[PDB]
Protein chains: 2
Amino acid sequence: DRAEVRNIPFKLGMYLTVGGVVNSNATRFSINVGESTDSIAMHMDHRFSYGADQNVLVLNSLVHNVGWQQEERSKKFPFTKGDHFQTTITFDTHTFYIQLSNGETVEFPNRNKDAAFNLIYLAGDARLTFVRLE
Amino acid sequence: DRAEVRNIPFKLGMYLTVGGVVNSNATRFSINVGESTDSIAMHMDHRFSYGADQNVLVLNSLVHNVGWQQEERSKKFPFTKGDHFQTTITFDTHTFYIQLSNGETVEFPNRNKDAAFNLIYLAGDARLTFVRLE
Ligand SMILES: OC[C@H]1O[C@@H](O[C@H]2[C@H](O)[C@@H](O)[C@H](O)O[C@@H]2CO)[C@H](O)[C@@H](O)[C@H]1O
Ligand SMILES: OC[C@H]1O[C@@H](O[C@H]2[C@H](O)[C@@H](O)[C@H](O)O[C@@H]2CO)[C@H](O)[C@@H](O)[C@H]1O
């Protein structure tokens with residue numbers, strides 16, 4: 001089903017590194033950090049072709065029983081279908097710090113000021129091959 | 001609920017390191033590698049007090065809709081309630097190689113000759129604090 005790391009707290013000051021492979025013919029895949037599939041503090045969607053979006057990163061938060069908040073977009077897109085990627089995430093109470101495979105970074109606000117997350121998962125057209133959370 | 005890493009394949013030649021903390025007043029906790037909570041290729045139970053078992057490791061496999069197979073027991077028990085532990089596991093098609101916090105090792109047969117596992121989880125009276133699967 002989806003690839004997930006559950007109930008191993010991702011706390012302030014820890015680093016999460018995930019590696020994986022994008023499917024050949026991928027439309028989009030996302031990495032999600034939050035509490036559940038309906039409560040996501042940092043959604044990072046990688047869009048190869050989705051609606052009018054082609055080769056863009058879209059970041060947002062999802063509030064339980066409320067929905068998606070304000071999207072932030074980045075044009076940094078070092079991803080190729082069929083190829084590996086590696087992403088590292090850390091955060092403090094104000095900011096998620098994301099580092100992409102090529103060393104470029106994206107920052108996204110920690111909107112709820114959360115200090116720990118109990119669910120990390122990947123969804124969509126990719127698979128994970130390794131994880132370090134420490 | 002339980003701490004789990006799901007659908008990030010633990011394959012032949014990868015290493016899994018988990019760290020955690022044993023509950024004060026723990027009865028037992030286990031680390032489990034398999035396919036589901038009813039299909040476990042390597043169950044490693046840490047028994048502080050369970051029936052007549054006190055400070056013993058018990059290893060076994062669980063077959064779906066069939067049950068527990070032949071138990072193997074070890075007397076190596078460098079664990080203290082309320083304290084941290086660290087365990088590393090690797091395997092080939094014949095053997096699971098487990099290394100405990102103090103450097104001692106335990107080996108347990110890979111009874112189904114499996115080459116990849118899609119579920120790693122901890123159950124019982126402990127919690128996980130970090131994981132590396134690579
Ligand atoms: O914001 C993340 C969220 O986006 C949804 O798609 C949006 C799309 O980004 C936007 O440009 C359009 O106007 O509305 C769509 C629907 O809200 C995705 O459907 C969702 O999965 C998230 O990725
Ligand atoms: O073998 C692992 C399995 O053990 C069960 O407990 C056993 C116990 O080890 C044995 O000495 C006794 O005779 O029978 C019990 C029931 O089969 C646990 O209940 C189970 O959770 C596993 O840990």
# chains A, B, ... in the order shown; residues from 1 in each chain; ligands from 1
>>> calpha_fit_and_write(fixed="chain A", moving="chain B", output="short mmCIF file (atom, residue, chain, number, x, y, z; two decimals) with N, CA and C atoms, in the first residue's frame")
data_model
loop_
_atom_site.label_atom_id
_atom_site.label_comp_id
_atom_site.auth_asym_id
_atom_site.auth_seq_id
_atom_site.Cartn_x
_atom_site.Cartn_y
_atom_site.Cartn_z
N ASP B 1 0.94 -1.10 0.00
CA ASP B 1 0.00 0.00 0.00
C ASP B 1 1.00 1.17 0.00
N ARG B 2 0.89 2.27 0.77
CA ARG B 2 1.88 3.33 0.71
C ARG B 2 3.02 2.96 1.65
N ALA B 3 4.11 3.67 1.44
CA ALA B 3 5.29 3.43 2.20
C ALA B 3 5.13 4.39 3.37
N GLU B 4 5.23 3.92 4.59
CA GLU B 4 5.10 4.80 5.75
C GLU B 4 5.98 4.39 6.94
N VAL B 5 6.29 5.40 7.76
CA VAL B 5 7.05 5.20 9.00
C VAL B 5 6.05 5.79 9.99
N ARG B 6 5.57 5.01 10.95
CA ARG B 6 4.50 5.40 11.84
C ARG B 6 4.91 5.15 13.27
N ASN B 7 4.65 6.15 14.09
CA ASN B 7 4.86 6.15 15.54
C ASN B 7 6.30 6.01 15.99
N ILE B 8 7.20 6.51 15.15
CA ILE B 8 8.56 6.70 15.55
C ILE B 8 8.65 8.23 15.43
N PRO B 9 8.53 8.96 16.54
CA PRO B 9 8.39 10.41 16.52
C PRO B 9 9.51 11.13 15.76
N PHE B 10 9.17 11.97 14.77
CA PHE B 10 10.12 12.85 14.08
C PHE B 10 10.02 14.18 14.85
N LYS B 11 11.01 14.40 15.70
CA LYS B 11 11.06 15.52 16.63
C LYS B 11 12.03 16.59 16.17
N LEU B 12 11.79 17.78 16.74
CA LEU B 12 12.64 18.96 16.59
C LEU B 12 14.11 18.57 16.73
N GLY B 13 14.88 18.83 15.67
CA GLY B 13 16.30 18.56 15.74
C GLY B 13 16.74 17.22 15.15
N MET B 14 15.81 16.34 14.81
CA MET B 14 16.13 15.09 14.14
C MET B 14 16.22 15.35 12.66
N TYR B 15 16.82 14.46 11.89
CA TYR B 15 16.89 14.55 10.43
C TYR B 15 16.24 13.31 9.86
N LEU B 16 15.47 13.51 8.81
CA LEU B 16 14.81 12.45 8.05
C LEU B 16 15.44 12.43 6.66
N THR B 17 16.04 11.31 6.24
CA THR B 17 16.51 11.18 4.87
C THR B 17 15.80 9.99 4.25
N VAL B 18 15.14 10.22 3.11
CA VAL B 18 14.47 9.15 2.38
C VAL B 18 15.07 9.08 0.99
N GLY B 19 15.16 7.86 0.45
CA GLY B 19 15.64 7.65 -0.90
C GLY B 19 14.61 6.82 -1.62
N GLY B 20 14.54 6.99 -2.93
CA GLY B 20 13.59 6.23 -3.68
C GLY B 20 13.80 6.38 -5.17
N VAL B 21 12.80 5.91 -5.89
CA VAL B 21 12.85 5.84 -7.34
C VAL B 21 11.51 6.33 -7.87
N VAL B 22 11.56 7.24 -8.85
CA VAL B 22 10.35 7.73 -9.49
C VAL B 22 9.88 6.73 -10.56
N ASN B 23 8.60 6.41 -10.65
CA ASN B 23 8.12 5.50 -11.67
C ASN B 23 8.33 6.08 -13.05
N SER B 24 8.49 5.21 -14.06
CA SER B 24 8.61 5.64 -15.46
C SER B 24 7.09 5.99 -15.58
N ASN B 25 6.76 6.96 -16.37
CA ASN B 25 5.40 7.44 -16.58
C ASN B 25 4.66 8.06 -15.40
N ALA B 26 5.41 8.47 -14.38
CA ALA B 26 4.83 9.08 -13.19
C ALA B 26 4.08 10.34 -13.56
N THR B 27 2.94 10.56 -12.93
CA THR B 27 2.16 11.80 -13.03
C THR B 27 2.69 12.73 -11.90
N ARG B 28 2.74 12.25 -10.65
CA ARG B 28 3.17 12.99 -9.46
C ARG B 28 3.38 12.02 -8.30
N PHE B 29 4.16 12.38 -7.32
CA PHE B 29 4.23 11.60 -6.08
C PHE B 29 4.48 12.63 -4.97
N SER B 30 4.14 12.32 -3.72
CA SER B 30 4.40 13.27 -2.65
C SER B 30 5.09 12.64 -1.45
N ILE B 31 5.79 13.46 -0.67
CA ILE B 31 6.33 13.06 0.61
C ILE B 31 5.48 13.88 1.62
N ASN B 32 5.02 13.23 2.69
CA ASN B 32 4.06 13.84 3.62
C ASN B 32 4.52 13.64 5.06
N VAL B 33 4.53 14.67 5.89
CA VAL B 33 4.94 14.59 7.28
C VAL B 33 3.73 15.14 8.05
N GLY B 34 3.18 14.39 9.00
CA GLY B 34 2.06 14.88 9.78
C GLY B 34 1.63 13.87 10.85
N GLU B 35 0.32 13.78 10.99
CA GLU B 35 -0.28 12.95 12.01
C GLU B 35 -1.08 11.84 11.37
N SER B 36 -1.69 11.99 10.19
CA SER B 36 -2.54 10.98 9.60
C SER B 36 -2.65 11.32 8.10
N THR B 37 -3.32 10.53 7.28
CA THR B 37 -3.50 10.88 5.89
C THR B 37 -4.48 12.05 5.70
N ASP B 38 -5.10 12.56 6.78
CA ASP B 38 -5.98 13.72 6.71
C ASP B 38 -5.47 14.88 7.58
N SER B 39 -4.23 14.82 8.07
CA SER B 39 -3.69 15.84 8.92
C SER B 39 -2.21 15.88 8.56
N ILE B 40 -1.79 16.77 7.64
CA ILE B 40 -0.42 16.76 7.11
C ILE B 40 0.14 18.15 7.29
N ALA B 41 1.23 18.25 8.04
CA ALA B 41 1.87 19.53 8.28
C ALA B 41 2.74 19.99 7.08
N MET B 42 3.34 19.04 6.36
CA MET B 42 4.15 19.39 5.21
C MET B 42 3.88 18.33 4.14
N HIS B 43 3.16 18.72 3.09
CA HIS B 43 2.92 17.91 1.91
C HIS B 43 3.87 18.44 0.81
N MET B 44 4.75 17.66 0.18
CA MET B 44 5.63 18.14 -0.86
C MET B 44 5.29 17.28 -2.08
N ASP B 45 4.58 17.85 -3.05
CA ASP B 45 4.14 17.12 -4.21
C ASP B 45 5.07 17.40 -5.38
N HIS B 46 5.45 16.35 -6.09
CA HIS B 46 6.41 16.42 -7.18
C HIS B 46 5.60 16.17 -8.43
N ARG B 47 5.33 17.22 -9.23
CA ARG B 47 4.40 17.07 -10.34
C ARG B 47 5.12 17.05 -11.68
N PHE B 48 5.09 15.87 -12.32
CA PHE B 48 5.65 15.72 -13.65
C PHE B 48 4.61 16.21 -14.63
N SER B 49 3.37 15.72 -14.50
CA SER B 49 2.27 16.25 -15.30
C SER B 49 0.98 16.07 -14.50
N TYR B 50 0.45 17.20 -14.05
CA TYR B 50 -0.76 17.17 -13.25
C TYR B 50 -1.51 18.43 -13.58
N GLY B 51 -2.62 18.30 -14.29
CA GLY B 51 -3.39 19.47 -14.71
C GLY B 51 -2.49 20.34 -15.57
N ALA B 52 -2.39 21.63 -15.26
CA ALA B 52 -1.49 22.51 -15.97
C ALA B 52 -0.09 22.49 -15.40
N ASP B 53 0.18 21.75 -14.32
CA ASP B 53 1.50 21.71 -13.70
C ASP B 53 2.42 20.68 -14.31
N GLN B 54 3.59 21.13 -14.75
CA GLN B 54 4.59 20.23 -15.35
C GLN B 54 5.93 20.66 -14.79
N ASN B 55 6.59 19.70 -14.13
CA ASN B 55 7.90 19.83 -13.51
C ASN B 55 7.94 20.99 -12.49
N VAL B 56 7.07 20.85 -11.49
CA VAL B 56 6.99 21.85 -10.41
C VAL B 56 6.81 21.11 -9.08
N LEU B 57 7.35 21.73 -8.03
CA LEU B 57 7.10 21.26 -6.68
C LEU B 57 5.97 22.10 -6.10
N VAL B 58 5.01 21.48 -5.42
CA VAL B 58 3.94 22.22 -4.77
C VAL B 58 3.95 21.79 -3.29
N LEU B 59 4.02 22.76 -2.38
CA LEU B 59 4.04 22.49 -0.94
C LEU B 59 2.78 23.05 -0.26
N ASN B 60 2.22 22.30 0.68
CA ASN B 60 1.02 22.75 1.38
C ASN B 60 0.78 21.97 2.67
N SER B 61 -0.19 22.38 3.48
CA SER B 61 -0.60 21.65 4.66
C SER B 61 -2.07 21.32 4.47
N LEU B 62 -2.47 20.23 5.12
CA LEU B 62 -3.81 19.69 5.07
C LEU B 62 -4.29 19.63 6.50
N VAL B 63 -5.44 20.25 6.76
CA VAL B 63 -6.03 20.28 8.10
C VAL B 63 -7.20 19.30 8.15
N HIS B 64 -7.24 18.48 9.20
CA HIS B 64 -8.23 17.43 9.32
C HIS B 64 -9.65 17.99 9.29
N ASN B 65 -10.50 17.40 8.46
CA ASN B 65 -11.89 17.81 8.27
C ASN B 65 -12.02 19.26 7.82
N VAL B 66 -10.95 19.89 7.30
CA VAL B 66 -11.01 21.28 6.83
C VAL B 66 -10.47 21.32 5.39
N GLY B 67 -9.26 20.83 5.10
CA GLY B 67 -8.76 20.82 3.74
C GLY B 67 -7.39 21.49 3.60
N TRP B 68 -7.05 21.69 2.33
CA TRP B 68 -5.76 22.24 1.93
C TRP B 68 -5.70 23.73 2.18
N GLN B 69 -4.55 24.22 2.63
CA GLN B 69 -4.35 25.62 2.95
C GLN B 69 -3.70 26.34 1.76
N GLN B 70 -2.86 27.35 1.96
CA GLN B 70 -2.30 28.11 0.86
C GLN B 70 -1.08 27.36 0.28
N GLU B 71 -1.11 27.05 -1.01
CA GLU B 71 0.02 26.41 -1.72
C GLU B 71 1.23 27.31 -1.89
N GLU B 72 2.42 26.74 -1.81
CA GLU B 72 3.66 27.42 -2.13
C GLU B 72 4.23 26.59 -3.25
N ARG B 73 4.81 27.22 -4.25
CA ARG B 73 5.37 26.50 -5.40
C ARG B 73 6.84 26.75 -5.64
N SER B 74 7.58 25.75 -6.14
CA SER B 74 8.96 25.93 -6.47
C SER B 74 9.14 25.27 -7.81
N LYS B 75 10.06 25.90 -8.49
CA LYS B 75 10.46 25.62 -9.86
C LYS B 75 11.70 24.73 -9.80
N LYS B 76 12.32 24.49 -8.64
CA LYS B 76 13.50 23.64 -8.52
C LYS B 76 13.03 22.22 -8.78
N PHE B 77 13.49 21.53 -9.81
CA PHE B 77 12.92 20.23 -10.06
C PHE B 77 14.00 19.32 -10.63
N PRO B 78 14.96 18.85 -9.83
CA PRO B 78 16.00 17.95 -10.30
C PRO B 78 15.51 16.49 -10.29
N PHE B 79 14.36 16.17 -10.87
CA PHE B 79 13.82 14.83 -10.78
C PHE B 79 13.63 14.31 -12.19
N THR B 80 13.90 13.03 -12.42
CA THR B 80 13.66 12.41 -13.69
C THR B 80 12.85 11.14 -13.49
N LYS B 81 11.81 10.90 -14.29
CA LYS B 81 11.05 9.65 -14.23
C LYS B 81 11.98 8.45 -14.48
N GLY B 82 11.82 7.39 -13.67
CA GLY B 82 12.62 6.19 -13.74
C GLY B 82 13.91 6.29 -12.93
N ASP B 83 14.25 7.45 -12.38
CA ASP B 83 15.49 7.65 -11.66
C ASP B 83 15.34 7.77 -10.15
N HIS B 84 16.45 7.59 -9.44
CA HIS B 84 16.51 7.71 -8.00
C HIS B 84 16.47 9.17 -7.54
N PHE B 85 16.04 9.39 -6.31
CA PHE B 85 16.11 10.72 -5.70
C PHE B 85 16.46 10.49 -4.22
N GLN B 86 16.89 11.55 -3.54
CA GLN B 86 17.24 11.51 -2.12
C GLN B 86 16.84 12.86 -1.53
N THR B 87 16.10 12.89 -0.42
CA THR B 87 15.64 14.12 0.18
C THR B 87 15.88 14.04 1.68
N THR B 88 16.33 15.17 2.22
CA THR B 88 16.54 15.29 3.65
C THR B 88 15.70 16.45 4.18
N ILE B 89 15.05 16.20 5.31
CA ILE B 89 14.16 17.17 5.93
C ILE B 89 14.53 17.32 7.40
N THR B 90 14.56 18.55 7.89
CA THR B 90 14.67 18.82 9.31
C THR B 90 13.73 20.01 9.57
N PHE B 91 13.48 20.39 10.83
CA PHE B 91 12.57 21.48 11.07
C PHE B 91 12.78 22.07 12.45
N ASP B 92 12.38 23.34 12.61
CA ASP B 92 12.29 23.86 13.95
C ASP B 92 10.85 24.29 14.13
N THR B 93 10.48 25.09 15.15
CA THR B 93 9.04 25.40 15.29
C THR B 93 8.47 26.36 14.28
N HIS B 94 9.36 26.97 13.51
CA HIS B 94 8.92 27.92 12.50
C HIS B 94 9.03 27.51 11.05
N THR B 95 9.94 26.57 10.74
CA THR B 95 10.31 26.31 9.36
C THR B 95 10.64 24.84 9.12
N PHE B 96 10.16 24.25 8.02
CA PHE B 96 10.68 22.99 7.49
C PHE B 96 11.80 23.31 6.50
N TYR B 97 12.93 22.64 6.68
CA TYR B 97 14.10 22.81 5.82
C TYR B 97 14.26 21.52 5.01
N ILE B 98 14.11 21.65 3.69
CA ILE B 98 14.14 20.50 2.80
C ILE B 98 15.36 20.64 1.90
N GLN B 99 16.13 19.57 1.71
CA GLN B 99 17.27 19.60 0.80
C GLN B 99 17.04 18.53 -0.24
N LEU B 100 17.11 18.94 -1.51
CA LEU B 100 16.86 18.07 -2.66
C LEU B 100 18.12 17.28 -3.06
N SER B 101 17.98 16.31 -4.00
CA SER B 101 19.08 15.44 -4.49
C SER B 101 20.30 16.20 -5.00
N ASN B 102 20.08 17.35 -5.67
CA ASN B 102 21.18 18.14 -6.23
C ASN B 102 21.74 19.17 -5.25
N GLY B 103 21.29 19.20 -3.98
CA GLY B 103 21.81 20.15 -3.01
C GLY B 103 20.97 21.40 -2.90
N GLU B 104 20.02 21.65 -3.81
CA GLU B 104 19.19 22.85 -3.68
C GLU B 104 18.23 22.69 -2.50
N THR B 105 17.81 23.80 -1.90
CA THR B 105 16.93 23.68 -0.74
C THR B 105 15.61 24.38 -0.98
N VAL B 106 14.58 23.97 -0.24
CA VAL B 106 13.29 24.64 -0.22
C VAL B 106 12.94 24.74 1.26
N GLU B 107 12.33 25.85 1.68
CA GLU B 107 11.89 26.04 3.06
C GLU B 107 10.38 26.23 3.03
N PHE B 108 9.63 25.79 4.02
CA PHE B 108 8.17 25.91 4.02
C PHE B 108 7.82 26.17 5.47
N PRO B 109 6.93 27.10 5.86
CA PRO B 109 6.59 27.35 7.24
C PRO B 109 5.99 26.14 7.98
N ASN B 110 6.35 26.06 9.25
CA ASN B 110 5.73 25.09 10.17
C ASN B 110 4.50 25.82 10.70
N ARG B 111 3.40 25.74 9.98
CA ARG B 111 2.19 26.51 10.24
C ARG B 111 1.51 26.24 11.57
N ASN B 112 1.55 25.02 12.09
CA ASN B 112 0.91 24.78 13.37
C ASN B 112 1.87 24.92 14.53
N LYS B 113 3.16 25.20 14.29
CA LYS B 113 4.20 25.31 15.30
C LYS B 113 4.39 23.97 16.05
N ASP B 114 4.21 22.85 15.35
CA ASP B 114 4.37 21.51 15.92
C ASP B 114 5.82 21.15 16.23
N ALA B 115 6.05 20.33 17.26
CA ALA B 115 7.41 19.97 17.61
C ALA B 115 7.76 18.49 17.37
N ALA B 116 6.77 17.69 16.99
CA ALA B 116 6.97 16.26 16.72
C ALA B 116 5.88 15.79 15.75
N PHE B 117 6.17 14.78 14.91
CA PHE B 117 5.19 14.25 13.96
C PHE B 117 5.26 12.74 14.05
N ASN B 118 4.10 12.09 14.04
CA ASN B 118 4.09 10.64 14.13
C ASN B 118 3.86 9.86 12.85
N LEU B 119 3.81 10.52 11.70
CA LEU B 119 3.60 9.80 10.45
C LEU B 119 4.39 10.45 9.31
N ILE B 120 5.16 9.66 8.58
CA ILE B 120 5.88 10.11 7.41
C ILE B 120 5.42 9.14 6.33
N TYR B 121 4.94 9.54 5.15
CA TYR B 121 4.60 8.58 4.13
C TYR B 121 4.79 9.16 2.75
N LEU B 122 4.95 8.25 1.81
CA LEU B 122 5.06 8.60 0.39
C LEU B 122 3.79 8.10 -0.26
N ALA B 123 3.23 8.90 -1.16
CA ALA B 123 2.06 8.48 -1.91
C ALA B 123 2.30 8.81 -3.40
N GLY B 124 1.53 8.17 -4.29
CA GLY B 124 1.63 8.41 -5.72
C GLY B 124 2.66 7.54 -6.47
N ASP B 125 3.18 8.06 -7.58
CA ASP B 125 3.96 7.28 -8.52
C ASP B 125 5.48 7.21 -8.31
N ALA B 126 5.84 6.64 -7.16
CA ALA B 126 7.24 6.45 -6.76
C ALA B 126 7.30 5.37 -5.67
N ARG B 127 8.49 4.94 -5.32
CA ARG B 127 8.64 3.98 -4.25
C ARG B 127 9.83 4.40 -3.42
N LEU B 128 9.84 4.01 -2.16
CA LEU B 128 11.00 4.31 -1.31
C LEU B 128 11.90 3.08 -1.23
N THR B 129 13.20 3.33 -1.14
CA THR B 129 14.18 2.27 -1.05
C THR B 129 14.98 2.31 0.26
N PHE B 130 15.07 3.44 0.97
CA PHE B 130 15.77 3.45 2.24
C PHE B 130 15.23 4.63 3.04
N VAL B 131 15.47 4.62 4.35
CA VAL B 131 15.06 5.68 5.24
C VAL B 131 16.03 5.76 6.42
N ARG B 132 16.37 6.99 6.84
CA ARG B 132 17.12 7.21 8.06
C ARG B 132 16.34 8.28 8.82
N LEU B 133 15.96 8.03 10.07
CA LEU B 133 15.26 9.00 10.90
C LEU B 133 15.98 8.95 12.24
N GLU B 134 16.77 9.98 12.53
CA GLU B 134 17.59 9.96 13.71
C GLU B 134 18.01 11.36 14.15
#
>>> select_by_dssp(residues="region 52-128 of chain A", states="strand (DSSP E)", output="PyMOL selection string")
chain A and resi 56-63+67-68+72-74+84-91+95-99+105-109+116-124+126-128
>>> decode(residues="region 100-114 of chain A", atoms="N, CA and C atoms", output="PDB file, in the first residue's frame")
ATOM      1  N   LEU A 100      17.115  18.943  -1.510  1.00  0.00           N
ATOM      2  CA  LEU A 100      16.857  18.069  -2.657  1.00  0.00           C
ATOM      3  C   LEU A 100      18.118  17.275  -3.059  1.00  0.00           C
ATOM      4  N   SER A 101      17.979  16.314  -3.997  1.00  0.00           N
ATOM      5  CA  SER A 101      19.077  15.438  -4.486  1.00  0.00           C
ATOM      6  C   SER A 101      20.296  16.204  -4.998  1.00  0.00           C
ATOM      7  N   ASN A 102      20.079  17.349  -5.673  1.00  0.00           N
ATOM      8  CA  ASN A 102      21.178  18.142  -6.226  1.00  0.00           C
ATOM      9  C   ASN A 102      21.737  19.174  -5.250  1.00  0.00           C
ATOM     10  N   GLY A 103      21.288  19.203  -3.985  1.00  0.00           N
ATOM     11  CA  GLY A 103      21.813  20.148  -3.013  1.00  0.00           C
ATOM     12  C   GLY A 103      20.966  21.402  -2.903  1.00  0.00           C
ATOM     13  N   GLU A 104      20.021  21.646  -3.806  1.00  0.00           N
ATOM     14  CA  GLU A 104      19.190  22.847  -3.682  1.00  0.00           C
ATOM     15  C   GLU A 104      18.229  22.686  -2.500  1.00  0.00           C
ATOM     16  N   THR A 105      17.806  23.798  -1.904  1.00  0.00           N
ATOM     17  CA  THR A 105      16.932  23.684  -0.742  1.00  0.00           C
ATOM     18  C   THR A 105      15.609  24.380  -0.981  1.00  0.00           C
ATOM     19  N   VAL A 106      14.583  23.974  -0.237  1.00  0.00           N
ATOM     20  CA  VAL A 106      13.292  24.636  -0.223  1.00  0.00           C
ATOM     21  C   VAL A 106      12.937  24.737   1.264  1.00  0.00           C
ATOM     22  N   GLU A 107      12.330  25.853   1.676  1.00  0.00           N
ATOM     23  CA  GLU A 107      11.888  26.040   3.055  1.00  0.00           C
ATOM     24  C   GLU A 107      10.379  26.230   3.029  1.00  0.00           C
ATOM     25  N   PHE A 108       9.626  25.788   4.017  1.00  0.00           N
ATOM     26  CA  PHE A 108       8.174  25.906   4.015  1.00  0.00           C
ATOM     27  C   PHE A 108       7.817  26.174   5.475  1.00  0.00           C
ATOM     28  N   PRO A 109       6.932  27.097   5.856  1.00  0.00           N
ATOM     29  CA  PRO A 109       6.592  27.354   7.245  1.00  0.00           C
ATOM     30  C   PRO A 109       5.992  26.142   7.980  1.00  0.00           C
ATOM     31  N   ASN A 110       6.347  26.057   9.254  1.00  0.00           N
ATOM     32  CA  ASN A 110       5.730  25.088  10.165  1.00  0.00           C
ATOM     33  C   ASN A 110       4.497  25.823  10.698  1.00  0.00           C
ATOM     34  N   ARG A 111       3.395  25.741   9.977  1.00  0.00           N
ATOM     35  CA  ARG A 111       2.188  26.509  10.243  1.00  0.00           C
ATOM     36  C   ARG A 111       1.512  26.236  11.566  1.00  0.00           C
ATOM     37  N   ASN A 112       1.550  25.017  12.085  1.00  0.00           N
ATOM     38  CA  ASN A 112       0.912  24.779  13.373  1.00  0.00           C
ATOM     39  C   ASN A 112       1.874  24.920  14.531  1.00  0.00           C
ATOM     40  N   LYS A 113       3.157  25.197  14.294  1.00  0.00           N
ATOM     41  CA  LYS A 113       4.205  25.306  15.305  1.00  0.00           C
ATOM     42  C   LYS A 113       4.391  23.970  16.054  1.00  0.00           C
ATOM     43  N   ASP A 114       4.206  22.848  15.347  1.00  0.00           N
ATOM     44  CA  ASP A 114       4.370  21.513  15.921  1.00  0.00           C
ATOM     45  C   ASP A 114       5.818  21.151  16.228  1.00  0.00           C
TER      46      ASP A 114
END
